[PDB]
2 protein chains.
Amino acid sequence: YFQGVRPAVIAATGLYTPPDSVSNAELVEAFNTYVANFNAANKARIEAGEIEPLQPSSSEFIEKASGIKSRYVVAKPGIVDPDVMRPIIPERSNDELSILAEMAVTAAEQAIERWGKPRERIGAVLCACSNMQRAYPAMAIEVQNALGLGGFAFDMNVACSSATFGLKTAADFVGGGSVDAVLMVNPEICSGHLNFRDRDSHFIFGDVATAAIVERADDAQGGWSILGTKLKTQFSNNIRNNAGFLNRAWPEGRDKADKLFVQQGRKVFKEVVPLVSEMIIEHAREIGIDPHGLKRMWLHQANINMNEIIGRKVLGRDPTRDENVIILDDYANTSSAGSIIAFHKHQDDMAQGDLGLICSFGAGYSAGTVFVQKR
Amino acid sequence: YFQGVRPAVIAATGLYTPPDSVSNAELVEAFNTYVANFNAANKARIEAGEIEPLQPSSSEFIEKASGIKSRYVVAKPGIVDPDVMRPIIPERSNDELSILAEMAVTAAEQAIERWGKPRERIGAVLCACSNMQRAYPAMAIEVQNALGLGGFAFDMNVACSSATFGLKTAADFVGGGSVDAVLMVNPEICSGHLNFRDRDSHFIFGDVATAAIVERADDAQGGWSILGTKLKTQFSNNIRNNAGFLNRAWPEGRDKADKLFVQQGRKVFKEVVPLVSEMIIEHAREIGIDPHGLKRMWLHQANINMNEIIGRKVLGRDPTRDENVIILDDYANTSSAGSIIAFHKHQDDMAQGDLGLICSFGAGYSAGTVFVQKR
C-alpha cells in the first residue's frame, strides 16, 4: 500500500487588530518635533560635519511613497513622544502569557471558532513571523499551551514571506498524513523593530496578528482549496536588521541604527517587483492557471505602488481595487501578516470556484505564492 | 494514477568543529578567579550577611553534573577572562559572511562533498537551531546564497529539538515532491547565550555546526532510511531566555540574568527523562520496531546522567558505550546539533539493515524521535 498525498484547504482564518492607531498626522507631528529637537541639541556636531541634520517628514511624502495612511500599534504613547520615539513595553513575568503570544492566541481563537471543529484535531502549531519575542521556549509552544492543544509546535522566520512559507509547510504536513490540521499564527509587533527616528522608514511598520487553520480537503467544509504553492528566496542586504543574541558579545554595537529595520527602498522597488511578477506568472503556468483569469489577488501589504505594477503585469491590465486588495492604508506594513489580513478581510463576496492568489514578498529576499479556489 | 508520499533518507551529514577548546580546567580557573575577586570586592556585604559568598566550581562538580569535560568555542579569550566572562565577537560588515552562516556553510560543504550529487538538486535550505544571529534576512537564505543554491530557504527554531524537527520537515518536503533534496544546517554558538558567571550552568554550552541532506529514497545511494518521526512539545519555563527584539522597549531589563540561558536543572532532569523514554517506546511500537533491537542510539548530548537512564529504559538493558553514543564529553551541550554530532561521528561497524535512533530533547519542552535503518 501507498499512502497518497492529501490535498489541503485553508479552512479558517483569524485576525487580531490592536485597539490603538497612529495616523500619519500624529506620526509626523512627533517626528517633526523630534527632528527640530535633535538638530538644535546637536547643532555643534552638525556644523562641524560629524553628522547630517535630520529632515522633516510629511503625510504627503508617506502616502505617495507607500499608500500608508495609518498603522495600528500595541503601545502608542512612546511613538508619539518626541523624547521617546519607540514603544514602551514593560516586561511581564514568565508566569504570564507574553505580549506576542497573546496576540497570536486572540487571532487563533477567532479562527478556531469559525472552523467549528474540536481543537484536539490540531496536531501542529507554526508561529511564522518576522521576529520571535525570545529564542526559547518557542513562541509556538507558548501559543499551543495557551490554546490547550496537543501535538507539536515550532517557530519559523522568513520575515515578510513567513505566512506563505507557513501555509506551504502546513499543506505538506497535512499532505503526508502526520497531522489532520495545522494552526498557523503570524503575530507581528513590527513597531518593536522599526526605527521611528528614520525618515526613510518611520512610517512603514505596524502591528497585528493573523491566524489560519489548514486541513486536508477530504474533511473540509467550505474554505479555500490550496491549488499550489511556490517559494523562492534570493539573498539581499536591501532589507536587514542586525539585532540578535550575538550583540551581547559586542555590546558597543547594540544601539547602532543597524539594530533596527534598515531598507534600501529604491533597490527593493527595482528588484522585487520583477522577481515577484515573473514568479507569479511562471507558477500559474506550471499549474495550468491563466493569471489573467484570477478573480482576486491578496498581495503583500507594504507599498501600493509595487502592488499596482505587479498586479498589472499579472492580470495584463490595470487591476481594480476589488481585485487587488489594499489594507496597508490602515495597517501599514505588518511583514508576514499583510497578505493574510487582505485575504481574511476581502473574500466573502466571491463565487464558488473563483480563483485567488495570496502572495507575500519582502526581506530575504523572499517571495511566496499560494493559488487558491473558493469551495 | 495517484500521488504517493515519497519515503526519505538521510543521504549525508557534515560537521564543523571550532579549533579552540576551553577545557574544564581552563573554565574553572577563570570562574574561580571571578568568584575570589567577587568575594573580596563584596567582603563587607558578605560579612554583614547581606549576601552569601560565591562558591567555586570544580572539574569534579562539572563531570558529576553532566559528563562534560571540555567544550569548543568560536571566541575563547573573553570566556577565560574573569572580568569579561563572555565571548567577545566584533561585528562584521553586511558585505561579509556572518559568523553563524560561515559555520553552517562549512558543515554543509562537508555534507555536499560526501553526498556527491550536484548541489543544483537541493531545493530547500532549513537553518534549524536554537538562536538566529538576525531576524532578517534569514540565516538560511544567507547560507543558500553562500553555497550557490537555488530554491527557497527559511529559519526554524525549536531550540534543542530543532534538528529532529528539521529532519521531519525535510522528509515531508521531499515526500510531497516539491523538492528532490533538502539541506538542513544546525549552527550553534551556544557560548553566545550562556551565563558564564552562573555556577549551575557555566559549563553546559559549547559551539558547533552540523548539516544533513535529506532526499527521496527512490534516488538515494546508501545512507539511512527515515522509518518514522515523532515530534512533541509541552510548554515549560524550566529552560528559558528572555532576550529579544522587544528588550529595546524596556531597556531597564536588557542586561538582567534572564536575558541569557536560565535552567532549573533538577526539574528538567526529573520531567524530561520520562517524557522522552515513554515517547521513544510508544513511537517504536507504533511503527513496529522493538526498541530492544536497536543497534545504536544517538540521543541528545547535554547530560550523560539523562542519557544513561533513557538508554537503559529504551534498550531494556545497560547499553555498551558503542550502543549509546556520547560526544558531550568533548562538545558539551550544543542544543540542536548534539544528537547530529553523535550520529555523524559514530556510525561505524553498522551493517545494512541495522536500526538506529536519533533523538533530541530540551527547551520548549521539545522532543523528537527519528528512527533510521542503514541502507
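What is reported rests on the model, the rules as stated and the sources as named; these are not laboratory values. As a convention, Cβ positions derive from the backbone with ideal geometry for all residues, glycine included, and neighbour counts pool all protein chains shown.
Just the residues that are buried (at least 24 other Cβ atoms within 10 Å of the Cβ) and small (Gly, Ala, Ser), please, taken from the range B:202-227. Working first, answer last.
Going through the range B:202-227, the residues buried (at least 24 other Cβ atoms within 10 Å of the Cβ) turn out to be B:203-215, B:224.
Result: B:206, B:209, B:211, B:212.
Looking at B:315, B:355, which is the one that is in contact with a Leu (Cβ under 8 Å, 6 or more places away or on another chain), without any contact (Cβ under 8 Å) to a residue 60 or more places away in the chain and surrounded by fewer than 22 Cβ atoms within 10 Å (Cβ to Cβ)?
Answer to the check: B:315.
Considering every residue within the range B:293-307, establish whether at least one is more than 22 Å from the chain's Cα centre (by Cα) and not in a loop (DSSP other than H, G, I, E, B).
Going through the range B:293-307, the residues more than 22 Å from the chain's Cα centre (by Cα) turn out to be B:293-295.
In the following step, the residues that additionally are not in a loop (DSSP other than H, G, I, E, B) were identified as B:293.
There is at least one residue in the range B:293-307 that is more than 22 Å from the chain's Cα centre (by Cα) and not in a loop (DSSP other than H, G, I, E, B).
For the range A:173-182, what are the residues that are surrounded by 24 or more Cβ atoms within 10 Å (Cβ to Cβ), within 27 Å of residue A:134 (Cβ to Cβ) and within 13 Å of chain B (Cβ to nearest Cβ)?
Residues satisfying the conditions are A:173, A:182.
Here is a yes/no grid of residues against (1) among the aliphatic types (A, V, I, L, M); (2) touching a residue at least 40 places away in the same chain (Cβ under 8 Å):
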residue	(1), (2)
A:49	no, no
A:70	no, yes
A:88	yes, no
A:98	no, yes
A:103	yes, yes
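Scan the range B:213-252 for residues that are touching a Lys or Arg at 6+ places or on another chain (Cβ under 6 Å), closer than 22 Å to residue B:182 by Cβ and in a loop (DSSP other than H, G, I, E, B) and jot them down.
Matches in the range B:213-252: B:222, B:223.
In this structure, is residue A:289 in a loop (DSSP other than H, G, I, E, B), in contact (Cβ under 8 Å) with a residue 60 or more places away in the chain and either out of contact with any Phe, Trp or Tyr (no Cβ under 6 Å at 6 or more places or on another chain) or crowded, with 17+ Cβ neighbours inside 10 Å (or both)?
Yes.
Tally time: how many residues in the range A:1-40 are of a type in the set (A, V, I, L, M, F, W, C), crowded, with 17+ Cβ neighbours inside 10 Å, farther than 30 Å from residue A:117 by Cβ and more than 20 Å from the chain's Cα centre (by Cα)?
The number of residues fulfilling the criteria is 6.
For (1) hydrophobic (A, V, I, L, M, F, W, C); (2) touching a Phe, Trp or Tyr at 6+ places or on another chain (Cβ under 8 Å); (3) within 14 Å of chain B (Cβ to nearest Cβ); (4) closer than 26 Å to residue A:18 by Cβ, each residue gets a yes or a no:
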position	(1), (2), (3), (4)
A:331	no, yes, no, yes
A:339	no, yes, no, yes
A:361	yes, no, yes, yes
A:365	no, yes, yes, no
A:369	no, no, yes, no
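How many residues are buried (at least 20 other Cβ atoms within 10 Å of the Cβ) and more than 7 Å from chain A (Cβ to nearest Cβ) when one looks only at the range B:239-258?
Total satisfying the criteria: 1.
For the range B:138-165, give me the residue count where each residue is within 8 Å of chain A (Cβ to nearest Cβ), more than 23 Å from residue B:190 (Cβ to Cβ) and in contact with a helix residue (DSSP H, G or I) (Cβ under 8 Å, 6 or more places away or on another chain).
2
Any chance the range A:169-185 includes a residue that's closer than 22 Å to residue B:125 by Cα, touching a residue at least 60 places away in the same chain (Cβ under 8 Å) and part of a loop (DSSP other than H, G, I, E, B)?
Checked the range A:169-185: at least one residue is closer than 22 Å to residue B:125 by Cα, touching a residue at least 60 places away in the same chain (Cβ under 8 Å) and part of a loop (DSSP other than H, G, I, E, B).
Is it the case, given these coordinates, that residue A:75 is in the same structural domain as residue A:208 (by CATH) and assigned to a helix (DSSP H, G or I)? Working first, answer last.
Values: in the same structural domain as residue A:208 (by CATH): yes; assigned to a helix (DSSP H, G or I): no.
So residue A:75 fails the test.
Inside the range B:126-137, can you point out the residues that are touching a residue at least 60 places away in the same chain (Cβ under 8 Å) and more than 8 Å from chain A (Cβ to nearest Cβ)? It would help to see each step written out before you state the result.
Step one: filter the range B:126-137 for residues touching a residue at least 60 places away in the same chain (Cβ under 8 Å), giving B:127-131, B:135.
Once the filter is applied, which keeps residues that are touching a residue at least 60 places away in the same chain (Cβ under 8 Å) and more than 8 Å from chain A (Cβ to nearest Cβ), the range B:126-137 yields B:127, B:128, B:129.
Just the residues that are within 14 Å of another protein chain (Cβ to nearest Cβ) and in a strand (DSSP E or B), please, taken from the range A:1-43.
Those that are within 14 Å of another protein chain (Cβ to nearest Cβ) and in a strand (DSSP E or B): A:4, A:8.
From the list A:234, A:263, pick out the single residue that is of a type in the set (S, T, N, Q) and either in the same structural domain as residue A:108 (by CATH) or within 30 Å of residue A:38 (Cα to Cα) (or both).
Details: A:234 fails: either in the same structural domain as residue A:108 (by CATH) or within 30 Å of residue A:38 (Cα to Cα) (or both).
Result of the check over A:234, A:263: A:263.
Picking from B:343, B:361, which residue would you name as being out of contact with any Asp or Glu (no Cβ under 7 Å at 6 or more places or on another chain) and part of a strand (DSSP E or B)?
Just a single option satisfies the conditions, and that option is B:361.
I need the full set of residues from the range A:80-111 which are crowded, with 17+ Cβ neighbours inside 10 Å, within 14 Å of chain B (Cβ to nearest Cβ) and over 30 Å from residue A:147 (Cβ atoms), in order please.
A:85, A:86, listed by residue number.
Which one is farthest from the chain's Cα centre (by Cα), of the residues in the range B:253-281 that are assigned to a helix (DSSP H, G or I) and without any contact (Cβ under 8 Å) to a residue 12 or more places away in the chain?
From the range B:253-281, those assigned to a helix (DSSP H, G or I) are B:253, B:257-259, B:265-281; that's our starting set.
Imposing the further condition that a residue be without any contact (Cβ under 8 Å) to a residue 12 or more places away in the chain reduces the set to B:253, B:266, B:270, B:274, B:278.
Values: B:253: 27, B:266: 20, B:270: 20, B:274: 20, B:278: 21 Å.
Ranking the candidates gives B:253 first.
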